[PDB]
Amino acid sequence: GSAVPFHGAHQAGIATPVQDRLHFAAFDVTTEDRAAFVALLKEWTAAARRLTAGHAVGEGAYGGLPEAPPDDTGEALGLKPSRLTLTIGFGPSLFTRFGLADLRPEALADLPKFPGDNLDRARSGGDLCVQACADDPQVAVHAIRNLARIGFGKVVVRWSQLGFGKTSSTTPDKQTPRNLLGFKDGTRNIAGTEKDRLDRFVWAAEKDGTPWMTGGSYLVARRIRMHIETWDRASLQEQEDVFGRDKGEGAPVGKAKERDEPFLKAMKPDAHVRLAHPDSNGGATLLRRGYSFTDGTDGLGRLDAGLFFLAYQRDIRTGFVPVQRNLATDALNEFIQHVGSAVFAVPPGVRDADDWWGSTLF
Amino acid sequence: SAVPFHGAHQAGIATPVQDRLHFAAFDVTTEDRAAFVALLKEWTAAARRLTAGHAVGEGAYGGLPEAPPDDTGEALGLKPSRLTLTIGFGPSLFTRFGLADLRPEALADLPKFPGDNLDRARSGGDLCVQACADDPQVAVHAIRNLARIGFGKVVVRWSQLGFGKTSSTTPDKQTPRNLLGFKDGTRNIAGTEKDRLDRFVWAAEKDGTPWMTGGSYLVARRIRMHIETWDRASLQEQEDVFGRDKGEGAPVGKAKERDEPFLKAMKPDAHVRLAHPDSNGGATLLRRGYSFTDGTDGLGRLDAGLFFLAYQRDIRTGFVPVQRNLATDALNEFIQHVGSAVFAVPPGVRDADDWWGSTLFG
Ligand code: HEM
Ligand code: HEM
């Protein structure tokens with residue numbers, strides 16, 4: 001129920017312990033006025049400080065002028081902060097506006113086409129994003145709703161994704177959650193306590209070439225549909241061979257315990273863990289922070305199921321891209337399809353009460 | 001921790017309201033009564049395991065490597081989470097298996113109501129399973145595994161996830177707010193009110209359909225809210241729509257949420273005034289709905305609302321009169337009914353040898 005501090009050198013919602021729920025929204029910008037956009041970032045920052053402490057935005061949800069709409073939509077009244085974090089990112093397309101073209105980071109790379117991609121353009125891209133994570137879904141929806149309302153006339157929602165449950169871990173001392181394939185997902189991640197690994201693999205450094213991004217990170221989002229009919233008729237051995245870990249304990253093949261270190265040569269050559277492991281990718285390491293989704297039925301008699309994959313890294317070119325390229329032969333590809341994609345530059349943190357989202361850029 | 005599965009009544013109606021919902025409607029594909037009965041028995045066996053926090057069948061792992069696991073595994077390590085599984089039978093089921101003369105008269109087809117915009121794909125269904133739990137993954141796991149067990153005999157027609165409160169951080173007594181920011185549930189039938197349940201919720205033998213004794217009738221309505229239009233309404237307009245204030249949820253002219261309403265102080269077309277039993281010849285409902293937020297539609301608007309569930313002793317004397325009286329509701333400007341289904345919810349599974357539907361199939 002507690003609040004996660006909002007201010008810091010880094011934005012919260014990355015290294016932070018992974019909360020139970022996600023509401024992710026991508027927005028397109030509809031104003032050409034730089035000053036108006038800056039004003040929105042400041043207003044959004046002010047709102048975020050209230051929301052993340054469990055307070056209503058503006059002058060509140062009620063008790064104002066009867067003839068005016070309330071400043072806060074009211075559906076989070078009486079709720080705790082619920083570990084809400086709000087993380088903003090800027091997409092490549094943003095840099096075509098406001099005279100920003102020369103400030104686009106080289107590390108904000110467009111992704112290549114990957115074999116098997118079937119990307120829906122409507123649910124891909126975006127000028128900016130807000131990742132809202134919280135333990136209470138109502139708290140997360142309220143946050144995104146109120147930001148969108150404040151932004152009316154300057155930004156529009158392009159696409160959104162709700163995640164009903166986490167499939168990631170930044171806290172190895174707590175139970176690793178399972179994805180909808182039934183396997184633990186998050187065992188070998190980066191922990192929020194691993195400051196050296198965060199500095200090496202997640203946070204942008206000044207020397208990386210883009211000073212305004214120092215202390216920020218880069219985010220890849222992939223919406224991945226799972227072929228659960230196909231998966232559910234596979235044998236136990238086939239499922240375990242796909243990953244290289246057993247299903248019950250999630251230990252590497254041959255070993256007893258989840259957190260025993262993988263011995264890669266015992267896995268099949270196309271096993272997901274073997275292909276994705278840093279040692280298979282010149283050391284490339286990611287912070288994975290995704291969530292599961294189900295968006296109804298597929299109209300063919302089955303549940304829709306997927307995983308909204310989020311990865312944070314210091315450079316897209318040295319993080320997601322090499323690892324995904326190495327998954328071209330993954331045995332898991334038989335059971336998944338990537339159907340949405342976006343990348344974002346996640347700026348540094350809001351340092352104090354006078355700072356604002358995007359201040360280093362603008 | 002858990003809710004007993006066996007009883008004179010199915011759990012999930014009068015038992016404590018859990019934080020999360022996964023509701024699925026199924027269509028039956030077999031014409032073979034014996035095959036359907038066999039399914040109902042297998043589903044009951046699975047429900048007994050699921051509601052106790054155990055995997056279905058021989059488990060999620062540790063069986064023959066060359067066989068698919070009996071349970072898909074995504075709830076391993078989770079708690080029972082107060083899971084309840086409540087089955088119901090739609091009118092269309094009664095056109096199969098020689099059942100036409102056993103359709104209860106209380107299982108009435110709904111009339112067309114003014115402003116209905118029903119999506120046929122998200123309406124109807126031969127059967128439903130209401131899965132309620134505090135952990136959405138427990139609920140989803142239940143539905144996914146029942147659907148898998150039934151594959152070849154049933155298909156999933158439509159599915160809806162929902163949420164109420166988050167009990168870890170929100171006190172049990174506190175009325176949840178809906179997504180319009182109003183407290184929702186103040187004047188309802190509570191599960192403690194045994195005589196009101198007998199009067200208004202449970203079917204009795206003398207009502208005309210003996211197999212339904214101890215069951216109930218369910219109306220489901222997927223009700224979209226026009227969030228962005230609502231949020232532009234003044235505070236006074238919002239309060240006028242309901243007849244209660246937004247902050248406290250007290251009836252107009254009263255001080256406290258639970259103060260009894262004085263209906264004449266409310267506007268004639270205020271929702272509470274139109275819906276109140278006194279305005280409907282005493283008609284009283286058990287509401288057990290959940291909020292939903294599915295994402296954003298093509299115009300960038302929030303696809304959100306109330307998945308309305310009402311239980312009643314007879315649809316003709318519960319939902320139908322009350323919804324008819326809402327023809328002129330001030331709330332209609334801000335909502336649209338977009339899915340509908342009705343179900344007969346059979347009596348409880350009495351003991352370990354009983355099975356869902358046994359009073360109907362014999
Ligand atoms: C639906 C899609 C996916 C599923 C179901 C999945 C599942 C898994 C599982 C079960 C593990 C082992 C436990 C763990 O260490 O977390 C794992 C590990 C991992 N996955 Fe995936 N994964 C998916 C997609 C991806 C993608 C798209 C990437 C990157 C492009 C990726 C990168 C990794 C990495 C880096 C590891 C850790 C390997 C190691 O260092 O041991 N995964 N995944
Ligand atoms: C999105 C749609 C709806 C919303 C947002 C909504 C909201 C509310 C709110 C805020 C209250 C007052 C607090 C309470 O006593 O629960 C209420 C009461 C009530 N609603 Fe609705 N409602 C909706 C749809 C319906 C429908 C479809 C029906 C029935 C056909 C219904 C029947 C009732 C009843 C019976 C009451 C209690 C009235 C009383 O006895 O005081 N509502 N609703």
# chains A, B, ... in the order shown; residues from 1 in each chain; ligands from 1
$ residues_near_ligand --ligand "ligand 1" --cutoff "8 Å" --atoms "only C-alpha atoms and all ligand atoms" --output "JSON, numbers by chain"
{"A": [168, 178, 179, 180, 181, 183, 184, 185, 186, 187, 188, 189, 222, 224, 225, 226, 243, 244, 245, 250, 262, 272, 273, 274, 275, 276, 277, 278, 279, 285, 286, 287, 288, 306, 307, 308, 309, 311, 320, 321, 323, 324, 325, 327, 332, 336]}
$ residues_near_ligand --ligand "ligand 2" --cutoff "7 Å" --atoms "only C-alpha atoms and all ligand atoms" --output "ChimeraX atom specification"
/B:178,180,182-188,223-225,242,261,271-272,275-277,284-285,305-306,308,319,322-323,335
$ closest_atom_pairs --of "chain A" --to "chain B" --cutoff "7 Å" --atoms "only C-alpha atoms" --output "tab-separated table"
residue	atom	partner	partner_atom	distance
A:1	CA	B:169	CA	5.3
A:62	CA	B:247	CA	6.0
A:66	CA	B:236	CA	4.8
A:67	CA	B:234	CA	5.2
A:68	CA	B:234	CA	4.6
A:69	CA	B:234	CA	3.9
A:70	CA	B:235	CA	5.9
A:73	CA	B:181	CA	6.2
A:74	CA	B:181	CA	4.5
A:75	CA	B:181	CA	3.9
A:79	CA	B:170	CA	6.5
A:80	CA	B:169	CA	6.5
A:136	CA	B:166	CA	5.9
A:156	CA	B:300	CA	6.7
A:157	CA	B:300	CA	5.0
A:158	CA	B:300	CA	6.0
A:159	CA	B:296	CA	6.2
A:160	CA	B:295	CA	5.6
A:161	CA	B:295	CA	5.9
A:162	CA	B:295	CA	6.5
A:164	CA	B:136	CA	6.7
A:165	CA	B:137	CA	6.7
A:178	CA	B:74	CA	5.7
A:179	CA	B:74	CA	6.3
A:180	CA	B:74	CA	5.6
A:181	CA	B:74	CA	6.7
A:182	CA	B:74	CA	4.0
A:183	CA	B:74	CA	6.9
A:232	CA	B:68	CA	6.8
A:233	CA	B:68	CA	5.8
A:234	CA	B:68	CA	5.4
A:235	CA	B:68	CA	3.9
A:236	CA	B:65	CA	5.2
A:237	CA	B:65	CA	4.8
A:247	CA	B:61	CA	6.6
A:248	CA	B:61	CA	5.9
A:296	CA	B:159	CA	5.0
A:297	CA	B:158	CA	5.7
A:301	CA	B:155	CA	4.6
A:302	CA	B:156	CA	5.4
A:303	CA	B:156	CA	6.9
$ residues_around --residues "residue 227 (chain A)" --least-positions-apart "2" --cutoff "6 Å" --atoms "only C-alpha atoms" --output "PyMOL selection string"
chain A and resi 229-230+335-336
$ write_last_selection --atoms "N, CA, C and O atoms" --output "short mmCIF file (atom, residue, chain, number, x, y, z; two decimals), in the first residue's frame"
data_model
loop_
_atom_site.label_atom_id
_atom_site.label_comp_id
_atom_site.auth_asym_id
_atom_site.auth_seq_id
_atom_site.Cartn_x
_atom_site.Cartn_y
_atom_site.Cartn_z
N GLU A 229 -3.39 -22.82 -27.63
CA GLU A 229 -3.92 -24.10 -28.06
C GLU A 229 -2.77 -25.03 -28.43
O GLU A 229 -2.73 -26.19 -28.02
N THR A 230 -1.82 -24.49 -29.18
CA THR A 230 -0.66 -25.23 -29.66
C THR A 230 0.21 -25.66 -28.47
O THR A 230 0.65 -26.80 -28.37
N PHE A 335 5.40 -21.00 -30.70
CA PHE A 335 4.29 -20.81 -29.81
C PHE A 335 3.97 -19.34 -29.60
O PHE A 335 3.06 -19.07 -28.81
N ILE A 336 4.63 -18.42 -30.28
CA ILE A 336 4.45 -16.99 -30.04
C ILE A 336 4.45 -16.24 -31.35
O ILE A 336 4.90 -16.74 -32.36
#
$ residues_around --residues "residue 312 (chain B)" --least-positions-apart "3" --cutoff "6 Å" --atoms "only C-alpha atoms" --output "list in words"
residues 200, 201, 216, 217, 285 and 318 of chain B
$ write_last_selection --atoms "C-alpha atoms" --output "short mmCIF file (atom, residue, chain, number, x, y, z; two decimals), in the first residue's frame"
data_model
loop_
_atom_site.label_atom_id
_atom_site.label_comp_id
_atom_site.auth_asym_id
_atom_site.auth_seq_id
_atom_site.Cartn_x
_atom_site.Cartn_y
_atom_site.Cartn_z
CA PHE B 200 -35.24 -11.98 -3.68
CA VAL B 201 -32.38 -14.24 -4.84
CA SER B 216 -30.71 -18.27 -8.90
CA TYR B 217 -31.02 -16.36 -12.18
CA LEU B 285 -31.61 -7.16 -6.79
CA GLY B 318 -35.97 -8.47 -10.71
#
$ atom_distance --atom1 "CA of residue 41 (chain A)" --atom2 "CA of residue 356 (chain A)"
6.7 Å
$ select_by_dssp --residues "region 136-188 of chain B" --states "helix (DSSP H, G or I)" --output "compact mmCIF listing (two decimals) with N, CA, C and O atoms, in the first residue's frame"
# COMPACT_ATOMS: atom_id res chain seq x y z
N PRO B 136 -6.09 -12.22 -9.97
CA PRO B 136 -6.63 -12.47 -11.28
C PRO B 136 -6.02 -13.68 -11.99
O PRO B 136 -6.66 -14.29 -12.82
N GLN B 137 -4.76 -14.00 -11.71
CA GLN B 137 -4.17 -15.16 -12.34
C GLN B 137 -4.82 -16.45 -11.87
O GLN B 137 -4.88 -17.42 -12.63
N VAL B 138 -5.28 -16.52 -10.63
CA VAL B 138 -6.01 -17.68 -10.18
C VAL B 138 -7.31 -17.82 -10.98
O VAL B 138 -7.70 -18.92 -11.35
N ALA B 139 -8.01 -16.72 -11.20
CA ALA B 139 -9.25 -16.77 -11.97
C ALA B 139 -9.00 -17.15 -13.41
O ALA B 139 -9.73 -17.99 -13.95
N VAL B 140 -8.03 -16.52 -14.04
CA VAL B 140 -7.73 -16.82 -15.43
C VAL B 140 -7.32 -18.28 -15.58
O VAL B 140 -7.73 -18.99 -16.49
N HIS B 141 -6.48 -18.77 -14.67
CA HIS B 141 -6.08 -20.17 -14.69
C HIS B 141 -7.26 -21.12 -14.65
O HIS B 141 -7.30 -22.10 -15.37
N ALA B 142 -8.23 -20.79 -13.81
CA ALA B 142 -9.43 -21.60 -13.74
C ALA B 142 -10.14 -21.67 -15.07
O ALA B 142 -10.50 -22.73 -15.55
N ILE B 143 -10.41 -20.52 -15.67
CA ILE B 143 -11.14 -20.49 -16.93
C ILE B 143 -10.34 -21.20 -18.02
O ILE B 143 -10.88 -21.97 -18.80
N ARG B 144 -9.04 -20.94 -18.09
CA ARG B 144 -8.22 -21.51 -19.14
C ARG B 144 -8.23 -23.02 -19.02
O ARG B 144 -8.28 -23.73 -20.02
N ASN B 145 -8.17 -23.57 -17.80
CA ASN B 145 -8.14 -25.01 -17.64
C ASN B 145 -9.50 -25.64 -17.83
O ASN B 145 -9.60 -26.71 -18.43
N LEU B 146 -10.58 -25.01 -17.41
CA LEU B 146 -11.90 -25.54 -17.76
C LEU B 146 -12.10 -25.56 -19.27
O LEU B 146 -12.63 -26.53 -19.82
N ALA B 147 -11.69 -24.49 -19.95
CA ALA B 147 -11.84 -24.45 -21.40
C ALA B 147 -11.05 -25.56 -22.05
O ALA B 147 -11.52 -26.22 -22.99
N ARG B 148 -9.86 -25.85 -21.56
CA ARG B 148 -9.02 -26.89 -22.12
C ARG B 148 -9.66 -28.24 -21.89
O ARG B 148 -9.69 -29.11 -22.78
N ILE B 149 -10.13 -28.50 -20.69
CA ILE B 149 -10.77 -29.79 -20.39
C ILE B 149 -11.96 -30.00 -21.32
O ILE B 149 -12.27 -31.12 -21.76
$ residues_around --residues "residue 358 (chain B)" --least-positions-apart "6" --cutoff "10 Å" --atoms "only C-alpha atoms" --output "list in words"
residues 37, 40, 41, 211, 346, 347, 348 and 349 of chain B
$ atom_distance --atom1 "CA of residue 329 (chain A)" --atom2 "CA of residue 231 (chain A)"
17.3 Å
$ residues_around --residues "residue 11 (chain A)" --least-positions-apart "4" --cutoff "8 Å" --atoms "only C-alpha atoms" --output "list in words"
residues 6, 7, 87, 216, 347, 348, 349 and 350 of chain A
$ residues_around --residues "residue 218 (chain B)" --least-positions-apart "5" --cutoff "8 Å" --atoms "only C-alpha atoms" --output "JSON, numbers by chain"
{"B": [88, 309, 310, 311, 312, 315, 342, 343, 344, 345]}
$ closest_residue --among "A:319, A:112, A:163, A:209" --to "residue 24 (chain A)" --atoms "only C-alpha atoms"
A:163
$ closest_residue --among "B:250, B:83, B:274, B:39" --to "residue 2 (chain B)" --atoms "only C-alpha atoms"
B:83
$ select_by_dssp --residues "region 91-331 of chain A" --states "strand (DSSP E)" --output "ChimeraX atom specification"
/A:128-134,155-163,165-166,217-226,287-288,291-293,306-313
$ write_last_selection --atoms "N, CA and C atoms" --output "compact mmCIF listing (two decimals), in the first residue's frame"
# COMPACT_ATOMS: atom_id res chain seq x y z
N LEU A 128 5.06 9.28 -27.35
CA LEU A 128 5.48 9.20 -25.96
C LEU A 128 4.69 8.10 -25.29
N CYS A 129 5.19 7.69 -24.13
CA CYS A 129 4.50 6.69 -23.35
C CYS A 129 4.45 7.09 -21.89
N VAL A 130 3.45 6.52 -21.22
CA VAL A 130 3.43 6.53 -19.77
C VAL A 130 3.17 5.10 -19.33
N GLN A 131 4.12 4.56 -18.57
CA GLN A 131 3.95 3.28 -17.92
C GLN A 131 3.43 3.52 -16.53
N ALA A 132 2.23 3.09 -16.22
CA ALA A 132 1.70 3.17 -14.87
C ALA A 132 1.66 1.79 -14.27
N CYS A 133 2.39 1.57 -13.19
CA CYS A 133 2.42 0.32 -12.51
C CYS A 133 1.92 0.54 -11.10
N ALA A 134 1.12 -0.38 -10.58
CA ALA A 134 0.63 -0.26 -9.22
C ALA A 134 0.12 -1.61 -8.79
N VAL A 155 -2.27 16.09 -26.62
CA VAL A 155 -1.85 14.71 -26.85
C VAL A 155 -3.12 13.91 -26.98
N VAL A 156 -3.03 12.78 -27.69
CA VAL A 156 -4.11 11.83 -27.77
C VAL A 156 -3.55 10.44 -27.49
N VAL A 157 -4.37 9.55 -26.97
CA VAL A 157 -3.94 8.18 -26.77
C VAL A 157 -3.95 7.47 -28.12
N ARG A 158 -2.80 6.91 -28.49
CA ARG A 158 -2.65 6.12 -29.69
C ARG A 158 -3.05 4.67 -29.45
N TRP A 159 -2.50 4.07 -28.40
CA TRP A 159 -2.85 2.71 -28.02
C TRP A 159 -2.53 2.50 -26.55
N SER A 160 -3.20 1.54 -25.95
CA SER A 160 -2.90 1.20 -24.57
C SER A 160 -2.90 -0.31 -24.40
N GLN A 161 -2.30 -0.74 -23.29
CA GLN A 161 -2.25 -2.15 -22.94
C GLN A 161 -2.35 -2.26 -21.43
N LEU A 162 -3.27 -3.04 -20.96
CA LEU A 162 -3.36 -3.42 -19.57
C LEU A 162 -2.72 -4.77 -19.36
N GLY A 163 -2.03 -4.89 -18.25
CA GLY A 163 -1.42 -6.13 -17.85
C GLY A 163 -2.00 -6.59 -16.53
N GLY A 165 -1.26 -9.16 -14.56
CA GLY A 165 -0.35 -9.80 -13.65
C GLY A 165 1.06 -9.70 -14.20
N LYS A 166 2.01 -9.63 -13.29
CA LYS A 166 3.39 -9.44 -13.68
C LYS A 166 3.99 -10.77 -14.14
N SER A 217 17.08 5.67 -19.45
CA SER A 217 17.21 4.32 -19.99
C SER A 217 16.45 4.27 -21.29
N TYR A 218 16.50 3.13 -21.97
CA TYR A 218 15.79 2.95 -23.21
C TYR A 218 14.89 1.74 -23.06
N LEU A 219 13.68 1.87 -23.57
CA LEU A 219 12.63 0.88 -23.38
C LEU A 219 12.23 0.32 -24.74
N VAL A 220 12.15 -1.01 -24.79
CA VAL A 220 11.48 -1.71 -25.87
C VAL A 220 10.24 -2.38 -25.35
N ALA A 221 9.16 -2.19 -26.07
CA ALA A 221 7.89 -2.82 -25.78
C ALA A 221 7.52 -3.75 -26.91
N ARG A 222 7.20 -4.99 -26.60
CA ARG A 222 6.73 -5.91 -27.63
C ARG A 222 5.48 -6.59 -27.13
N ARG A 223 4.40 -6.49 -27.90
CA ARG A 223 3.19 -7.21 -27.59
C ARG A 223 3.28 -8.57 -28.26
N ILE A 224 3.23 -9.65 -27.46
CA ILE A 224 3.48 -11.00 -27.95
C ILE A 224 2.27 -11.85 -27.69
N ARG A 225 1.65 -12.35 -28.77
CA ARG A 225 0.55 -13.26 -28.63
C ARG A 225 1.12 -14.65 -28.41
N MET A 226 0.46 -15.42 -27.57
CA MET A 226 0.84 -16.80 -27.29
C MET A 226 -0.18 -17.73 -27.93
N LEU A 287 17.07 -5.63 -18.51
CA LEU A 287 16.15 -5.67 -17.40
C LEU A 287 14.75 -5.85 -17.97
N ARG A 288 14.21 -7.02 -17.75
CA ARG A 288 12.89 -7.40 -18.21
C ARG A 288 11.85 -7.03 -17.17
N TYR A 291 4.52 -8.01 -18.33
CA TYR A 291 3.23 -8.40 -17.75
C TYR A 291 2.46 -9.28 -18.71
N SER A 292 1.57 -10.08 -18.17
CA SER A 292 0.64 -10.91 -18.95
C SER A 292 -0.59 -10.10 -19.31
N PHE A 293 -1.23 -10.49 -20.42
CA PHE A 293 -2.51 -9.92 -20.78
C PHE A 293 -3.42 -11.00 -21.34
N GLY A 306 -1.47 -13.40 -24.01
CA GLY A 306 -0.18 -12.96 -24.44
C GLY A 306 0.65 -12.40 -23.29
N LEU A 307 1.76 -11.88 -23.74
CA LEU A 307 2.73 -11.27 -22.83
C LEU A 307 3.11 -9.95 -23.43
N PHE A 308 3.04 -8.89 -22.61
CA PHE A 308 3.46 -7.57 -22.98
C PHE A 308 4.87 -7.43 -22.43
N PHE A 309 5.82 -7.66 -23.29
CA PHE A 309 7.23 -7.71 -22.96
C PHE A 309 7.78 -6.30 -22.91
N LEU A 310 8.42 -5.94 -21.80
CA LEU A 310 9.09 -4.66 -21.61
C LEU A 310 10.52 -4.93 -21.23
N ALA A 311 11.44 -4.27 -21.91
CA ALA A 311 12.83 -4.40 -21.52
C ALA A 311 13.49 -3.04 -21.49
N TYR A 312 14.24 -2.82 -20.42
CA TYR A 312 15.00 -1.61 -20.23
C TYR A 312 16.47 -1.94 -20.41
N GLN A 313 17.20 -0.99 -21.01
CA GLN A 313 18.60 -1.19 -21.30
C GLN A 313 19.27 0.15 -21.54
